[PDB]
Structure formats: structure tokens, C-alpha cells
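Top line first, the protein sequences correspond to chains N, E, T, Q, A and G.
Here the first sequence is numbered in the entry's author numbering, starting from 2 and rising by one per residue.
Here the second sequence is numbered in the entry's author numbering, starting from 1 and rising by one per residue.
Here the third sequence is numbered in the entry's author numbering, starting from 2 and rising by one per residue.
Here the fourth sequence is numbered in the entry's author numbering, starting from 34 and rising by one per residue.
The fifth sequence runs 197 to 261, 275 to 294 under the entry's author numbering.
Here the sixth sequence is numbered in the entry's author numbering, starting from 2 and rising by one per residue.
The next block holds one structure in the form of C-alpha cells; read it before the comments.
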Amino acid sequence: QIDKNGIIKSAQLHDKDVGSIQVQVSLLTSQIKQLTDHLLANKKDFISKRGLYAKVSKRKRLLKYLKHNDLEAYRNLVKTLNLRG
Amino acid sequence: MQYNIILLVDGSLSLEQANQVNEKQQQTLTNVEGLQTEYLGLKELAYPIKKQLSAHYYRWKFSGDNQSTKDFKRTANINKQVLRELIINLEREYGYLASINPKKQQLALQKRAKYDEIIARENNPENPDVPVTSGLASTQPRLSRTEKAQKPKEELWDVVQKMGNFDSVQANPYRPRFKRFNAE
Amino acid sequence: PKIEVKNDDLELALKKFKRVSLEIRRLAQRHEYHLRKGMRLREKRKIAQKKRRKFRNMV
Amino acid sequence: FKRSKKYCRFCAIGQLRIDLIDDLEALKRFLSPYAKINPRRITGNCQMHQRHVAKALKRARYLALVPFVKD
Amino acid sequence: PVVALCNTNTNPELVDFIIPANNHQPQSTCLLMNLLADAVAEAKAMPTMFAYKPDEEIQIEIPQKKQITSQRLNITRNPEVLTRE
Amino acid sequence: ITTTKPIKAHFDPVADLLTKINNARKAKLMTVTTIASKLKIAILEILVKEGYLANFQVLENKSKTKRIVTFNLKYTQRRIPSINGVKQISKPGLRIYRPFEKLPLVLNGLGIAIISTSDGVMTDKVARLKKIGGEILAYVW
RNA sequence: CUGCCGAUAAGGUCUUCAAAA
RNA sequence: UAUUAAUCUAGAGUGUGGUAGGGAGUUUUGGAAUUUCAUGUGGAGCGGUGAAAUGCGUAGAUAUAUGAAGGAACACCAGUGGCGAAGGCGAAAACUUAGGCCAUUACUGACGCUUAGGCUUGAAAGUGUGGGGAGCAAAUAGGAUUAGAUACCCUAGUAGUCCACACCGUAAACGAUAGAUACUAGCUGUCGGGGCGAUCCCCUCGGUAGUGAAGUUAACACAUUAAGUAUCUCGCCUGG
Ligand SMILES: [Mg+2]
Ligand SMILES: [Mg+2]
Ligand SMILES: [Mg+2]
Ligand SMILES: [Mg+2]
Ligand SMILES: [Mg+2]
Ligand SMILES: [Mg+2]
Ligand SMILES: [Mg+2]
Ligand SMILES: [Mg+2]
Ligand SMILES: [Mg+2]
Ligand SMILES: [Mg+2]
Ligand SMILES: [Zn+2]
């Protein structure tokens with residue numbers, strides 16, 4: 002499992018901000034990275050595929066939201082995370 | 001994690017077996033914590049496996065990374081001196097989080113103390129234990145619950161506007177319809 | 002399913018062996034004819050309900 | 034006649050955990066005279082425990098501690 | 197008009213002059229039943245039995261055949290309606 | 002006034018209140034609670050003026066961040082309500098806008114029609130008096 | 001306590017009615 | 001109502017703290033039982049049926065005892081049960097991994113529901129390539145029954161049932177009941193978390209069942225897990 006503590010501390014805008022959108026997307030990208038490895042290794046586990054697709058879709062909707070409101074932080078978030086492409 | 005191997009070595013001679021367990025231990029376990037070992041003893045196992053009727057049961061209480069299993073597992077079969085081997089990861093058995101939870105451990109100690117008290121009175125030295133109460137029901141409710149009972153979070157609200165209130169109270173339902181009998 | 006005769010009497014051995022054989026005969030006859038997995042589950046639920054309902058009124 | 038003394042022991046004791054080399058003699062009572070895991074009516078444990086003892090007992094029967102079909 | 201001694205298991209709509217009371221105790225029933233009879237006897241101009249009376253004359257006994278037990282049991286005589294197939 | 006239960010409400014504000022009133026009437030319940038909104042507050046004010054409910058009290062939390070209105074129904078002595086049937090016109094999706102010439106009369110004036118033209122919610126008769134119409138919330142009779 | 005055991009041309013009546021006594 | 005400029009947490013998510021699971025995939029391991037073969041004892045049937053006959057058997061069968069090989073499925077536990085969105089999931093272990101319930105003085109601050117098109121999964125049968133094949137058995141052969149039997153019964157019996165990788169995308173895929181949200185008597189069970197502390201039992205929050213009034217229905221019946229009072233969105237129906 003991923004060391005959730007380290008990734009959240011990196012993405013915090015300020016302390017105790019453990020429930021924003023930025024911390025959510027950093028955690029989501031980490032889970033996506035881990036799950037692509039696991040699914041590529043196995044290739045026959047389809048519930049994990051269900052989790053991977055659900056997490057990808059959830060991340061996409063939240064980033065759309067962060068574009069609709071406070072677009073400048075969307076530019077900041079995309080260059081660090083490199084999630085677009 | 002915390003693992004637990006139960007190794008089954010053949011029935012040859014004691015001193016030389018312990019060395020076999022030590023050899024099987026020091027070879028594998030790439031990364032490991034303290035390796036406490038026991039020795040359940042000599043028992044005649046139920047079904048004969050590997051045409052052997054006696055075996056020495058060893059228990060290892062080490063702890064370490066997930067890589068400690070693969071090499072040891074693949075060498076156990078090869079070793080003619082080992083009959084079986086089980087790596088029971090105690091972090092996944094049927095109940096582990098509660099056992100680490102501190103409050104449940106102390107409650108279990110209290111239950112042990114109290115239950116032992118009941119069994120004693122039943123199997124009284126010689127005087128007859130008339131109640132023989134064990135399986136039967138207990139007495140009245142526990143007064144501990146009645147008091148220490150939780151209080152729901154009664155969110156307090158403050159009135160701001162009102163209108164028409166008069167609290168008439170009309171709690172006179174299913175009232176009598178007939179009143180006084182009469183003649184045409 | 003070993004049962005000792007005790008060499009005190011004979012009937013008693015057959016009085017216990019009758020019970021043991023009946024529960025034994027149940028599984029022996031179950032693995033004689035092939036039913037679908039759904040039907041096998043169907044028959045298991047059927048036996049449980051019969052035994053349950055009988056025990057309710059005997060308790 | 035019968036008895037109403039069928040009550041999960043591990044609940045009264047709050048054992049909370051089953052290990053096959055800590056209560057081995059306890060688990061032999063649950064097993065049948067013909068080495069079978071007695072049902073609820075005989076064993077008396079709550080279903081949750083009835084599941085825990087079964088996994089541990091089947092594990093012991095894998096560890097070659099208790100027979101399969103004979104005494 | 198119908199009056200009745202409802203005992204917690206009755207539909208209040210059917211009765212008109214409801215008289216909250218027991219119905220299982222051979223003492224409460226008799227006290228209340230005589231009370232309605234007592235109204236009738238006074239209207240008919242014959243002396244009362246229990247109504248408008250002091251302690252010594254209301255005293256009644258508990259029929260034969275610690276405290277009296279007004280518990281409803283015998284639930285085992287209610288199995289599931291015979292079904293199954 | 003204190004509570005013990007969580008208070009929830011539907012997203013659609015006219016029929017939420019309407020469902021509460023109709024269920025309480027059918028189930029003979031008297032006191033109900035719901036979340037408070039200004040449209041919901043205004044419609045309840047005109048209802049008590051028309052004599053369909055007895056009391057209507059709006060309340061607020063101790064922090065001034067939430068308000069919930071807890072209203073009671075006006076039952077007579079024999080316990081039969083004054084409301085007979087409720088039906089919502091301007092449902093979500095299809096919003097009903099009728100001019101003054103087509104202002105409805107519910108049960109020949111027996112019921113009341115709620116119309117929020119320009120000055121908040123407003124009864125049909127006074128809407129006719131001002132000769133101005135607009136959004137039609139619900140039919141109450 | 002489980003053998004065996006198949007078929008049957010077409011179209012058809014019959015409720016007249018309660019006005020009422 | 002729509003647009004824009006902002007504030008708040010109750011909707012919905014995140015974290016911490018409790019926690020139940022046959023949830024999934026990959027790799028190993030185990031015992032009964034059937035079949036075949038090997039070695040003993042043994043001596044005339046075994047097998048099958050409504051009754052029999054093909055069939056197997058002095059080349060020593062059936063049976064009995066031991067051993068070896070191999071494949072398939074995982075008794076009891078096992079339920080007036082659990083998990084998953086559905087199909088489905090039940091010998092044991094390791095690794096990887098999905099979702100869910102309860103309490104939150106924490107955080108973001110409407111980020112939510114539905115979903116045409118699109119994508120993913122999807123019982124069994126079937127297909128293509130390469131392995132595997134103990135048992136069973138479509139197709140097929142024979143013996144019966146029968147007026148006839150290409151069927152029900154019996155003896156054999158290939159594909160198939162199994163594995164890996166590629167397709168097929170249909171089922172009474174059913175709770176014959178799309179998803180989401182708020183409200184509406186009660187009683188009896190059972191499962192999980194939490195509070196108390198022998199169990200048992202009491203309360204709270206949820207899942208899964210039975211009974212049951214208002215209410216609904218053409219009736220059967222549903223009835224807090226609605227087919228009840230209402231709203232949103234999608235799919236679908238218009239006589240045989
Ligand atoms: Mg609004
Ligand atoms: Mg015949
Ligand atoms: Mg053998
Ligand atoms: Mg298939
Ligand atoms: Mg032929
Ligand atoms: Mg055959
Ligand atoms: Mg084929
Ligand atoms: Mg279809
Ligand atoms: Mg019903
Ligand atoms: Mg047509
Ligand atoms: Zn228990």
C-alpha cells in the first residue's frame with residue numbers, strides 16, 4: 002500500500018487541510034499509478050478494473066470542477082501533477 | 001507484519017533436529033526481526049504423512065517484510081527433513097485488530113475473572129449449589145447501563161419568529177358521540 | 002464409524018448403529034445422482050427448512 | 034428431555050481469538066466422535082465463533098493434528 | 197351505543213364510551229362490571245353494591261383454581290401457518 | 002427548543018412541504034419538522050392567515066448557520082383536518098406561468114391557490130384584486 | 001413401488017319480460 | 001427560475017479512529033472417493049431391471065488388503081446466514097487488490113442525482129490455436145419396452161465438461177418490481193459496528209427476513225427494503 006501520510010503532507014496548501022481537492026487528486030493519482038501496475042500484472046481481475054475506472058472518472062469530474070471555480074489553481078495543479086496528456 | 005511458522009521436521013533424534021530447524025532458519029528469512037522459537041513436543045500425529053508417525057513441532061514468532069516467505073517456502077518441500085509448513089500471517093486471522101485494541105484486552109481479563117467466579121460456586125466443594133445458574137438467565141438489568149447510558153447529541157436551537165401559537169391542547173380523542181338519551 | 006459392542010449386550014450396538022447408518026445413508030444417496038448446482042442448493046435449503054420447522058414445534 | 038445450557042463459551046470468557054496451539058483440547062470437544070465439526074445444536078457457539086473455530090480446526094486438520102474420518 | 201373494558205389490544209374506533217381497564221384479572225373485571233351494574237341499580241331504585249361506598253364494603257377476594278400474575282404467555286402455541294412444498 | 006433526530010428535506014422546496022403536510026394528515030400526525038427556507042417560510046405565513054394550519058414557528062440553531070421550521074396542523078375536536086387535498090402545479094422541469102386572465106379558481110374559491118407574482122407568495126383572491134399574476138406554486142383545498 | 005396405457009367428424013338449442021297486482 | 005459577484009455546512013467526498021466479510025486475480029499445498037495398473041488371498045458369478053437382455057468373468061471377475069499414477073470437484077462447518085452493481089463467490093496458505101458499516105470538537109465548501117452516444121463486466125452452451133482427459137455424457141452402436149420408439153430404462157461411447165491465450169455477448173441474466181431523495185402505525189426474528197460489562201439480555205446506528213393497519217390495487221397482494229404520499233432523470237409499451 003502507498004504511504005498516504007507522505008503524499009498528503011507534500012500536497013497540503015497549509016496544515017490540517019486534509020480534505021481539499023488538491024490533496025484528493027494527489028492521493029487519487031497515487032492510487033491510479035499503483036492500480037495500473039497491479040492490473041497490468043494480473044490482467045484478469047475485473048473488479049480492480051472497476052475500481053480503476055471509477056477512480057479515473059471521479060478524478061476527471063473533480064478537475065472539471067476545479068476548472069469551473071478558481072481556474073488559476075487548476076493551472077498550478079496540472080503542471081505539478083503532470084496528469085494531463 | 002507478524003508471521004508464525006509451524007514446521008514439521010522428521011522423527012530422527014532431538015539434538016540433530018534442532019540443528020535442522022536452525023539450519024532451515026538461518027538459510028532463509030532474508031530480512032527478519034527477533035526469531036523466538038519454541039518446541040511443542042513429541043506427538044503421534046493422526047494421519048501418517050511421508051510414511052512417518054512421529055514429528056517435532058516447532059513454532060517461530062518472527063516478524064518482517066513480505067519477502068521472508070518465498071525462499072523459505074520453496075526450500076521446505078525440497079528439504080527431505082520437513083513434512084509440512086504453514087505461514088499463518090497473524091495480521092489476517094479471524095480477529096486481530098480487536099486483540100491489539102487495548103480496551104478489549106482489559107475487558108477480556110475482567111470476563112475471565114468473573115466467569116471463573118461463577119464456575120467455582122457451581123462446582124462447590126461439597127455443599128449443594130442450588131442455583132446451578134450458568135446457562136440460565138441473569139437477574140434484573142445491569143445498573144451500570146441504566147446510568148452510563150449515552151446521551152444523543154441534542155442540538156440546541158433558538159427561536160426567532162412565531163405566529164398564532166396558543167397551545168390549545170385538544171388531546172380529547174375518541175370522545176363520546178352520544179350524550180343524553182331521550183324520547184321523541 | 003466404529004462403535005464398540007461393549008460385550009455386555011448385542012441389541013444396544015444395533016440400537017446405536019441404526020442412527021449412525023441413517024445419517025450415513027443420507028450422504029451416500031446424495032452422491033448417487035447428478036443434480037445441477039442450483040438444484041443441489043435447492044435440495045439443501047429444502048432439507049434445512051424441513052428440519053427447522055419440525056424442531057420449532059419440538060422445542 | 035434436553036438442556037438449555039447451549040451458550041458460546043468464548044463469549045462468557047471473551048477469548049476474542051482462536052489459535053490452534055492455545056486451546057487444542059477445547060477444540061476437540063467441538064469435534065464429533067467421528068472427527069466432524071459438530072453443528073450449532075451440539076457445539077453451542079454463536080455463528081460468528083462457529084465460523085472462527087471451523088477455520089482454525091480445518092487449519093489444524095491441514096497441519097496434521099486431528100484425524101479426518103476415524104477416531 | 198356499546199361500552200367496553202378495553203385492555204390495550206382493542207381498536208378504539210369501534211367502542212364509543214371507552215373505559216381503559218384490565219380484562220385478564222378476575223378482580224378488576226368484577227369491580228368494574230359491578231360498577232356499571234351499580235349505576236343501573238341506582239337508576240332502578242335498588243341499593244348499590246360497590247359504587248359510592250367505603251373501603252370495608254368494596255373488599256373482594258381473588259378466585260381460586275406473592276403477587277397475582279397478569280402475564281400473557283403461551284406463545285409456543287403460534288407456529289407458522291403450515292406451508293412449504 | 003431542543004431536538005434529538007436529524008432533520009432532512011427534499012431538494013424541491015414546494016412539494017417537500019406538500020409531502021410533509023399530506024403524510025401527516027393521512028397518518029393523523031400533528032407536529033412535523035423540516036428545513037427552513039424563505040420561500041417555504043412565506044407560503045406558511047399565508048397558510049395560517051387562510052386558516053389551514055394552527056401555528057407556524059421558524060427556528061434557528063445556536064450558531065446562526067441553520068434554520069428549521071417546525072409546523073403543526075389544525076385539527077378539530079373530533080380529529081379531522083382542515084386540509085382535504087394538495088396538488089403542486091409548478092413542478093421542477095415544467096414551470097407554470099399563467100397571466101391574470103387565466104388565474105385559476107380552485108373549487109370555486111373554497112380552496113386557496115398560492116401565486117408568487119412579484120411581492121412574494123400571494124392568494125388567488127388578492128392576486129385578482131391587484132389584477133396581476135405570475136408563478137403558481139400549489140393548489141390547497 | 002414403480003410393465004404398458006394411443007385416439008374420439010361439422011354446426012347447433014334453452015330464457016321469454018316486469019310493465020304490476 | 002436562468003446569469004454574475006461572493007459567504008455557510010446540512011448534500012456529497014477526503015483524513016484520523018473503530019470494523020465485519022466464500023469480494024477478485026496470481027502462485028503453491030492437502031485428504032477422502034472413482035478409474036487404471038502392480039502385488040497377495042480367493043473360487044463362479046458379477047452387472048443391470050418393472051422383468052430381463054446386451055456386457056464383464058476359469059485369460060480367475062465381483063470382493064478383500066497394500067502401493068503407485070493421474071484428472072476433476074472441494075463432504076461435515078453450511079444457516080428461519082455473509083459478501084459483490086449484476087453474473088457469482090464455500091479444502092488450507094502467501095502476495096496483490098476492490099467496495100462497504102459505525103463515531104467523528106478535522107478539512108474542502110454544492111464539487112450532487114440521472115444518463116442518449118461511448119467504454120467495462122457479463123451463467124451455461126458454442127468457436128480458434130496448444131495442452132489435458134479420472135468420472136460423466138450431446139452425436140453414435142447394441143439390448144429392452146412398444147402397434148411403431150430415431151424417446152423414457154440398461155451396456156458401451158466421441159466432441160464437450162478442465163487449463164492458458166483469443167472470440168461469441170445471449171438466459172425465467174427474476175425481487176418477472178430502473179436509479180436517487182424526503183415522509184408515513186406497530187410487533188417478532190437474525191447479522192455487523194458502537195455504549196455498558198460473564199453470557200443471556202437493554203439502547204443507538206445500519207444490512208438481511210416474517211407478520212401486520214391506514215394507504216394502493218381489477219383481484220392476488222404490496223405495505224418503512226412499498227406495488228403508499230410526491231419530485232427529478234433515463235429506458236420501454238400502444239390489439240392478436
Ligand atoms: Mg433554492
Ligand atoms: Mg403391456
Ligand atoms: Mg492406493
Ligand atoms: Mg461456458
Ligand atoms: Mg439405434
Ligand atoms: Mg454407462
Ligand atoms: Mg462438440
Ligand atoms: Mg432478453
Ligand atoms: Mg404480506
Ligand atoms: Mg398489427
Ligand atoms: Zn460467540
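A virtual CB, placed ideally from N, CA and C, is assigned to each residue, including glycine.
Taking the C-beta atoms as reference points, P216/A is found nearer than 8 Å to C202/A. Boundaries of the alpha helix (DSSP H) harbouring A237/A: 224 to 239, taken from the DSSP string. DSSP, reduced to helix, strand and coil, places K162/E outside both helices and strands of the structure shown, so it counts as coil. Not one heavy atom of ligand 11 falls within 7 Å of the beta-carbon of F34/Q. Within the stretch 97 to 123 of chain E, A98, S99, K104, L107, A108, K111, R112, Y115 place their CB atoms closer than 7 Å to a CB of chain Q, listed in sequence order. Between the beta-carbon of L54/G and that of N73/G there is about 7 Å, and that keeps the pair under the 8 Å contact cut. Beta-bridge partners of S64/G (DSSP): none assigned. DSSP, read as helix, strand or coil, puts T124/G in strand.
Residues of the stretch 202 to 228 of chain A with a C-beta atom less than 9 Å from some C-beta of chain E are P208, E209, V211, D212, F213, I214, listed in chain order. For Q58/G, the chain E residues whose C-beta falls within less than 8 Å of its own C-beta are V159, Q161, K162, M163, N165, listed in chain order. No Cβ-Cβ contact shorter than 8 Å links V26/N with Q13/N. DSSP lists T32/G as the beta-bridge partner residues of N73/G. Remark: the shortest separation between the CB of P14/G and any heavy atom of ligand 1 falls under 7 Å. By the Cβ criterion, the stretch 41 to 61 of chain G is in contact with the stretch 154 to 171 of chain E, since at least three pairs of Cβ atoms, one from each stretch, lie closer than 8 Å. The residue from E184/E, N182/E, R142/E, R177/E with its alpha-carbon nearest to that of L210/A is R177/E. Under the DSSP assignment, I22/G falls in the alpha helix (DSSP H) whose first and last residues are 14 to 27. Following the DSSP letters along the chain, one finds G52/N inside the alpha helix (DSSP H) bounded by residues 47 to 69.
With a cutoff of 8 Å on beta-carbon distance, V32/E and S68/E are scored as near each other. The bridge partners DSSP lists for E136/G are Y98/G, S117/G. Relative to ligand 11, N78/Q has its C-beta within less than 7 Å of a heavy atom. Taking C-alpha positions only, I78/E is separated from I54/Q by approximately 26 Å.
Counting along the chain, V82/E sits inside the beta strand (DSSP E) bounded by residues 82 to 87.
Non-local beta-carbon contacts of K7/T in its own chain, meaning distances under 8 Å to residues more than five positions away in sequence, involve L13, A14 in chain order.
The criterion of a C-beta distance shorter than 8 Å is not satisfied by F72/E and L40/E.
Around the CB of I100/E, fewer than 16 other CB atoms lie within 10 Å, so the residue is classed as exposed. For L15/T, the uninterrupted alpha helix (DSSP H) segment begins and ends at 12 to 31.
Using a Cβ-Cβ cut-off of 8 Å, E61/G counts as an interface residue toward chain E, since at least one Cβ of chain E sits closer than that to its own. Interface with chain Q (8 Å Cβ-Cβ cutoff): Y174/E is excluded. Taking C-beta atoms as the reference points, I97/G and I90/G count as a pair closer than 8 Å. Taking a Cβ-Cβ cut-off of 9 Å, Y40/Q has no neighbours in chain T, whose nearest Cβ is about 16 Å from it. Ranked by Cα distance from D65/E, the first of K111/E, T75/E, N4/E is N4/E. For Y67/Q, the closest Cβ of chain T is nearer than 8 Å. In this structure, the alpha-carbon of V130/E lies about 40 Å from that of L23/T. Within chain A, the C-beta atoms nearer than 9 Å to that of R177/E come from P197, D212, in chain order.
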